[PDB]
Amino acid sequence: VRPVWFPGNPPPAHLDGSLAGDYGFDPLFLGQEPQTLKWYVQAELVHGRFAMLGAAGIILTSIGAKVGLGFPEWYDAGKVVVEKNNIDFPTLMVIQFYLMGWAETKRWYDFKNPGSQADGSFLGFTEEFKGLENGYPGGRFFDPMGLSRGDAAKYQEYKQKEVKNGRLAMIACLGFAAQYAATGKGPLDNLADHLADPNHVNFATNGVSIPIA
Amino acid sequence: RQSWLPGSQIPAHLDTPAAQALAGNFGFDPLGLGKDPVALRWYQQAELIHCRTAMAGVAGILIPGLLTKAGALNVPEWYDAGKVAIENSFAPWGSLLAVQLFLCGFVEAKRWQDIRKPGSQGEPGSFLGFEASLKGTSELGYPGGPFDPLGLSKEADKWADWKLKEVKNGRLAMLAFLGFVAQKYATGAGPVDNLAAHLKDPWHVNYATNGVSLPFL
Amino acid sequence: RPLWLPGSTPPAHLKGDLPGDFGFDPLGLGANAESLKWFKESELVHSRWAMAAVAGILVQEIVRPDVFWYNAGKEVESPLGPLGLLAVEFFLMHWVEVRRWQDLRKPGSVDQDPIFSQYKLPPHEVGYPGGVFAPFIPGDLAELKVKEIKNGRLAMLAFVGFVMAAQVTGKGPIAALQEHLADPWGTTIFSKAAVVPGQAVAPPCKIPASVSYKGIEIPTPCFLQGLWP
Amino acid sequence: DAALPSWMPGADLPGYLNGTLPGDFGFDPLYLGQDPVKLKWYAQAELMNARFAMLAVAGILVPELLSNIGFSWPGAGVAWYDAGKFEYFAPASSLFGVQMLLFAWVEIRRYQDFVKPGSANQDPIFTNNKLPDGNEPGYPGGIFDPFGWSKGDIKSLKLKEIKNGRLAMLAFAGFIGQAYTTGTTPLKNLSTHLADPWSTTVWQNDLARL
C-alpha cells in the first residue's frame with residue numbers, strides 16, 4: 001500500500017507505518033523489539049534535530065565566508081572563537097556538559113517513566129514537561145506556538161517533514177565531513193568549484209574518492 | 001513524594017513507613033546499603049553524627065577564615081592551624097591526643113550502649129544521680145536532658161521541620177569539608193582565598209583550569 | 001467574502017469572525033485558541049507600533065531632510081543623558097506593558113485607576129481598551145477595526161521596506177522614492193543585484209560596521225547581509 | 001483571594017494571607033509564609049526589624065541634615081559609618097557589654113510575652129504597675145503608649161507603621177549599598193543626584209567604575 005524503501009519487498013512486521021517517515025527500511029532488524037524501537041525513534045529524532053541545526057549553521061557560515069564577511073570555516077570556527085575571545089576551552093566544555101547533562105538526564109528519566117517530570121519537582125513546572133509522545137515533547141516551553149495541539153493532520157504532515165528533513169540533514173553532515181576530508185575546503189567552495197565545471201570537478205576527479213582513477 | 005531523581009525507581013526499603021520517618025528522605029540509595037532495617041538504623045545514627053561533626057568542623061574552618069580575611073581575626077589556615085596551635089602550647093600533640101581519645105572514648109561508649117539498647121543509660125545507681133537525664137527521647141540520636149538546654153524540641157509542629165534543617169545542612173557541611181580537602185590538593189591555598197580567586201575571574205579560574213581535576217584536558 | 005486568494009478554501013480555524021480575517025494561515029499558527037488569542041494582541045501592538053514608526057519617519061524626513069532616520073539615534077543631542085532617557089523609557093514602557101499583559105491574561109482586572117478610585121475603564125474586549133483611550137470614534141466600530149488592521153499590516157511591511165532600503169541605499173523613504181522615480185528601470189533591487197550559478201553579486205551595505213557613540217563603537221550591521229541577493 | 005488591596009491587580013494571591021495581619025497585600029512569590037507558625041514568627045520579626053530600621057534611618061538622616069545648617073555640636077562632620085572610631089566618654093567595648101545586658105533583659109521579656117501573651121505584663125519590682133490585660137505580641141501598649149494614640153483607628157495606624165517600616169528597611173539597605181559603592185554619605189548622594197538627575201544615576205555610576 002504505502003511506498004517502501006525497496007519496491008516489491010514486503011515491509012517488516014515491526015514497521016507498520018504508524019511512525020513518521022516509515023518506509024520499512026530495516027534489513028538488519030535492529031528495531032524489532034518495541035522498547036528498542038522506541039529508544040531508536042527518540043535517537044533518530046535527536047540525531048536529525050542536531051543534524052538540522054548543524055547543517056543550517058554550516059551553510060550560513062559558509063555563505064558568510066564566500067562573501068567578504070570574514071566568517072571562518074566550520075572546521076576552524078572552534079579555534080577562531082577560542083583564540084579570538086579569551087574563552088577557556090575546558091571551562092566551556094564543562095558548562096556545556098552541565099547544561100546538556102541536566103536536559104538529557106531529565107529527558108532520559110522521562111523516557112523511563114513517561115510523565116514523571118510533570119510532578120512539579122523542578123521549580124513547580126508541571127504541564128511544561130508532561131510530554132506528548134515518544135520523542136515529541138509538547139508543551140508551552142518546547143512548542144510555544146501550539147502547533148502540536150491543533151489540526152492533527154497538519155501535525156502529522158509536519159512530523160513527516162521533520163523526520164525527512166532530519167535524515168537529509170544527517171546525510172548532509174556526513175557529506176560535509178567527507179568533502180572536507182577529500183577536498184580540504186568548505187562545502188560552498190566545493191559547490192562553486194562544481195558549478196564552475198561540473199564535467200571535470202566532481203568526486204570522480206578529486207583523486208581521493210576513486211583510487212583507481 | 002520528594003525524590004533525588006524524578007522518574008527513578010525509588011527503593012522498596014526506603015518506601016517503608018519507618019524509613020520515611022527519617023529526616024531528609026529523598027529515596028537516594030543506588031547501592032542498597034539501607035535494605036537491612038538494622039543497618040539502616042545504624043547508618044542513620046552515623047549520618048547524624050557525621051552531620052553534626054562536619055557542621056562543627058566546617059564552621060570552625062569557614063567562620064575564622066572569613067574573619068581572617070577582614071580585620072576581625074588573624075586565624076591561620078585550617079591546614080596550618082594545628083602546627084601553629086601546637087607551637088606555643090602547654091603539651092605535645094601526643095599527650096593531647098591521648099587525653100582526647102580517653103574523653104571521647106567514654107562518651108562514645110555510652111552513646112554506643114544507648115544505641116544498642118535505647119534508654120539503657122538510665123540504670124539506677126550508675127551515674128551519681130545523673131543517669132536519669134541520660135535517657136534520650138523516643139527517637140534514636142535525639143537525646144534531651146543535659147543536651148538541648150533551651151528546650152526547643154518540645155514543640156512538635158516545628159520538630160519535624162527542625163530535623164530537616166539539621167540533616168540537610170549537615171549533608172552540605174559534609175561536602176564542604178570534602179571540598180576543603182580537594183581544593184587543598186588542587187590550588188594550594190585556603191577555601192576563602194579560592195572563593196575570592198574564583199569570584200575575581202570565574203570564567204578562567206575553576207576545576208577545569210588547574211590541570212589537576214582534568215588531566216586529559 | 002474577501003480572502004487572500006480568490007476561490008481558495010480558508011483554513012478550518014479561520015471562520016471570518018476576528019477583524020481582518022481573510023483566511024490566510026498556511027502554517028496554521030492560529031489553529032490553537034490560546035495561541036490565536038495571544039497573537040491577536042501581538043498583531044494589534046505590532047500594527048500600532050509600525051504605524052507610529054512609519055508616520056514618525058515620514059514626518060522626520062519631510063521636516064528635517066538633512067537628518068537620516070537610521071542615524072536619528074546617533075546625531076541627536078539632548079540635555080537629558082542617554083542613560084537617564086533609557087531609564088525613564090524603560091520604567092514607563094515597563095509599567096504600561098505590565099498593565100497590558102495583565103489585562104491579556106486576566107481581562108477586566110487592571111481597568112481601574114490606582115490614584116483615583118472614581119476613574120475606571122468600561123467593559124471592553126482584549127486588545128481594544130476604549131474609554132479614555134478612545135475619545136472620538138468617527139464611523140462604524142467593525143469597519144474602523146478592519147481599517148486599523150489593514151493599515152497596520154501595510155505599515156509593518158512599510159517599516160521593513162524602510163529598513164531594507166536604508167541598509168541597501170542609505171537614503172530615506174522620500175529620497176529612495178525620488179531616486180526610484182528618476183530611473184525606474186535601473187534603480188530597483190533587480191537592477192542592483194542578480195544571482196546565477198556562476199556568479200553571486202549583492203549591493204554593498206551603505207551602513208558602516210561600527211558607530212562611535214561617545215567612544216563605545218556600537219556595531220551597526222546590515223540585517224542578514226550574507227543572504228542578500 | 002478577597003477585595004483587599006493587592007500588589008498585583010488580578011493576580012491569584014495565596015490563600016493563607018486573609019488580611020488579619022497588618023499591611024497584607026498578598027506578596028509572597030516564594031511562599032515563605034505557608035506555615036502558620038513560621039508566619040507568626042515572621043510577623044514579629046518584620047515588626048521588630050521595621051521599627052529598628054525606622055530608628056536607624058532617622059538616626060542617619062537627622063544628624064547629617066542638622067550638620068548642613070547652622071546647628072553645631074561635637075559629632076557633626078562624621079559620617080554614619082565613621083561614628084565607630086569616635087572619641088567618647090567610654091570605650092565601645094564597655095558600651096557594647098552594657099547594651100548587650102540591657103537588650104538581653106528586654107528581649108527576654110518580649111520573648112516571654114511572645115510565647116505566652118499577657119504572661120509578662122507585670123512590673124517585677126512594683127506589683128501595682130502593670131500593662132492592660134488585652135495585649136498581643138509585638139503591640140505592648142500601656143506605658144509604651146502613654147498618650148493613648150492606639151485608642152483611635154488602630155488599623156490605619158498599624159498600616160502606617162508597617163508601611164513606614166518597610167520603607168525604612170529599604171532605605172537602610174540603600175544606605176548600605178550606597179556606602180559600599182559610592183563611598184560617601186547618603187545626603188551627599190542625594191544632592192549629587194539633585195544637581196543633575198540625567199547624568200547621576202546608578203547605571204552611569206556603575207558603568208564609569210567598570
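Neighbour counts run over all protein chains shown; Cβ positions are idealised from the backbone, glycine included. Laboratory data are not the source of any read-out in this text; all were calculated from the coordinates shown.
Net charge near B:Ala160: determine it from the other residues with C-beta under 14 Å of the C-beta of B:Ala160, scoring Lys and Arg +1 and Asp and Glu -1. List each step's numbers first, then the result.
Values: positive: B:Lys154, B:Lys158, B:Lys163, B:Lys165, B:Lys168, D:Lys38; negative: B:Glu139, B:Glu155, B:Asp157, B:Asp161, B:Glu166, D:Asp35.
In short, 0.
May I ask you to list the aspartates and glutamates whose Cα is less than 14 Å away from that of C:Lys145, ignoring any residue fewer than eight positions away on the same chain?
Within the straight-line cut-off, C:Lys145 pairs with C:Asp17, C:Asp21, C:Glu41, C:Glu43, C:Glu125.
Is there a quick way to get the dipole size of the protein assembly as shown? I mean about its Cα centre, with the Cβ of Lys and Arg at +1 and of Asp and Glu at -1; what is the value in debye to the nearest 20? Could you put the intermediate results ahead of the total?
Details: 73 positive and 82 negative charges, 89 e Å.
It comes to approximately 420 debye.
What do the square roots of 5 times the Cα gyration tensor eigenvalues come to for the stretch B:12-200, in whole Å, largest first, as semi-axes of the equivalent ellipsoid?
On the way: eigenvalues 227, 124, 55 Å².
Each semi-axis is √(5λ); the values are 34, 25, 17 Å.
Starting from the Cα of C:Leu157, step 7 Å along the direction of its Cβ; do the same at D:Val106; then give the gap between the two resulting points in nm.
Result for the modelled spin labels: 7.6 nm.
Mind checking which of C:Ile189, C:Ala12, C:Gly56 is farthest towards the positive end of chain C's charge dipole, using Cβ charges of +1 (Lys, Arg) and -1 (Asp, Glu) about the Cα centre?
Projecting each Cα onto the dipole axis, the largest value belongs to C:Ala12.
Above 21 Å lies some portion of the pair distances; for the stretch D:34-109, what is it as a whole percent of all C-alpha pairs? All intermediate terms of the calculation are to be shown ahead of the outcome.
Values: 1472 of 2850 pairs.
Roughly 52 percent, rounded to a whole number.
Normalise the Cα radius of gyration of chain C by 2.2 N^0.38 Å (N = residues in it) and let me know the number.
Numbers: Rg = 22.0 Å, N = 229, 2.2 N^0.38 = 17.3 Å.
In units of the 2.2 N^0.38 Å rule of thumb, it is 1.27.
Once whole DSSP H runs in chain D are found, which of them have Cα atoms spread over 20 Å or more along the helix axis and a mean Kyte-Doolittle score of at least -0.5?
Numbers: long enough: D:36-67 (47 Å, 0.76); D:92-115 (33 Å, 0.63); D:154-181 (40 Å, 0.31).
Going by DSSP H runs, the hits are D:36-67, D:92-115, D:154-181.
Can you list the chymotrypsin sites (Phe, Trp or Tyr not before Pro) in the stretch C:145-220 that are in a DSSP coil and have 13 or fewer other beta carbons within 10 angstrom? Present the calculation step by step, with values, prior to reporting the outcome.
Details: sites: C:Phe159, C:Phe162, C:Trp185, C:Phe190, C:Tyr213; in loops: C:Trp185, C:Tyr213.
Sparse-neighbourhood loop chymotrypsin sites (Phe, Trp or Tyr not before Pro): C:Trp185, C:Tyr213.
For Cα pairs less than 8 Å apart in space and 6+ apart in sequence, what is the mean separation divided by the residue count of chain D, i.e. the relative contact order in percent?
Values: 129 pairs, mean separation 44.9, N = 210.
Here the relative contact order equals 21 percent.
To the nearest 20 Debye, how big is the dipole of chain D about its Cα centre, given +1 on the beta carbon of each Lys and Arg and -1 on that of each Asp and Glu? Provide the component values of the computation, followed by the final result.
On the way: 16 positive and 19 negative charges, 49 e Å.
Once rounded to the nearest 20, the dipole reads 240 debye.
Can you tell me how the stretch C:176-219 classifies by the Cα gyration tensor, rounded, prolate or oblate, using a/c under 1.5 as the rounded cut?
On the way: a/c = 6.98, a/b = 1.59, b/c = 4.40.
Because a/c hits 1.5 or more and a/b fails to exceed b/c, the stretch C:176-219 counts as oblate.
May I ask you to list the trypsin sites (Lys or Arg not before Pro) in the stretch D:49-132 that are in a DSSP loop and have at most 12 other Cβ atoms within 10 Å of their Cβ? Mind showing how you got there, number by number?
Working: sites: D:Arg51, D:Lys85, D:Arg109, D:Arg110, D:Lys130; in loops: D:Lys85.
Hits after loop and neighbour filter: D:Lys85.
When every alpha-carbon pair in chain A is counted, what percent end up more than 31 Å apart? Before the final figure, lay out the partial values.
On the way: 9263 of 22578 pairs.
Everything past 31 Å amounts to 41 percent.
Kindly express, to the nearest 10 degrees and within the range 0 to 90, the angle between helix A:187-196's C-alpha long axis and the longest C-alpha principal axis of chain A.
50
If you plug each phi of the stretch C:192-206 into the Karplus form 6.51 cos²θ - 1.76 cosθ + 1.60 with θ = phi - 60°, what whole-Hz ³J(HN,Hα) values come out, in order, with x for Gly and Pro?
Running phi through 6.51 cos²θ - 1.76 cosθ + 1.60 with θ = phi - 60° gives 6, 7, 7, 10, 9, x, x, 7, 9, 10, 9, x, x, 7, 6 Hz.
So what is the calculated 222 nm ellipticity per residue for chain B, using -39500 (n - 2.57) for each DSSP H run with n of 4 or more, over all residues, to the nearest 500 deg cm²/dmol?
Details: 5 runs with 103 residues, N = 217.
-16500 deg cm²/dmol, from helical runs alone.
I need the per residue convex hull volume for chain D, using only the alpha carbons, in cubic angstrom as a whole number. Display every interim value, and only then the final one.
On the way: hull volume 46.1 nm³, N = 210.
Hull volume over Cα atoms, normalised by residue count, gives 219 Å³.
Which residues make up the longest stretch of chain C clear of trypsin sites (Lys or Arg not before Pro) that lie in a DSSP loop with no more than 14 other Cβ atoms within 10 Å, not counting the sites? Working shown, then result.
Numbers: sites that count: C:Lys15, C:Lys74, C:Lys206, C:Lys214.
The longest uninterrupted stretch comes out as C:75-205.
When D:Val57, D:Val115 are ordered from fewest to most other Cβ atoms inside 10 Å of their Cβ, what list results?
Ranking D:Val57, D:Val115 by Cβ neighbours within 10 Å, fewest first, gives D:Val115, D:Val57.
Filter the chymotrypsin sites (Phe, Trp or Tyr not before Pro) in the stretch D:50-87 to those in DSSP coil with at most 15 other Cβ atoms within 10 Å of their Cβ, and list the result. Working shown, then result.
Working: sites: D:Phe52, D:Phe71, D:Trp80, D:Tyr81, D:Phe86; in loops: D:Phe71, D:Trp80, D:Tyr81, D:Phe86.
In loop regions of the stretch D:50-87 (DSSP not H, G, I, E or B), the sparsely surrounded chymotrypsin sites (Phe, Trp or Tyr not before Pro) are D:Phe71, D:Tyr81, D:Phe86.
Kindly provide the helix-only [θ] at 222 nm of chain C, computed as the sum of -39,500 (n - 2.57) over DSSP H runs of four or more divided by all residues, to the nearest 500 deg cm²/dmol? Before the final figure, lay out each step's value.
Numbers: 5 runs with 97 residues, N = 229.
Calculated mean residue ellipticity at 222 nm is -14500 deg cm²/dmol.
On a straight-distance basis, which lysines could pair with A:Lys161 in a cross-link, Cα separation under 30 angstrom, same-chain partners fewer than 8 positions away excluded?
In chain and number order, the partners are A:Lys38, A:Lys66, A:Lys106, A:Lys112, A:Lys130, C:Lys15, C:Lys37, C:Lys40.
Can you compute the radius of gyration and Dmax for the protein assembly as shown, using only the Cα atoms, both in Å?
That works out to 37.0, 118 Å for Rg and Dmax.
Projected onto the charge dipole of the protein assembly as shown (+1 at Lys/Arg Cβ, -1 at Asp/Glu Cβ, origin at the Cα centre), which of A:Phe6, A:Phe129, B:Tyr142 gives the Cα projection farthest towards the positive end?
Sorting the options by dipole projection puts first B:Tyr142.
With +1 assigned to the C-beta of every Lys and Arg and -1 to the C-beta of every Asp and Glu, and no other charges, what is the dipole magnitude of the stretch A:34-196 about the Cα centre in debye, to the nearest 20?
Values: 17 positive and 17 negative charges, 56 e Å.
Using only the charged Cβ atoms, the result is roughly 260 debye.
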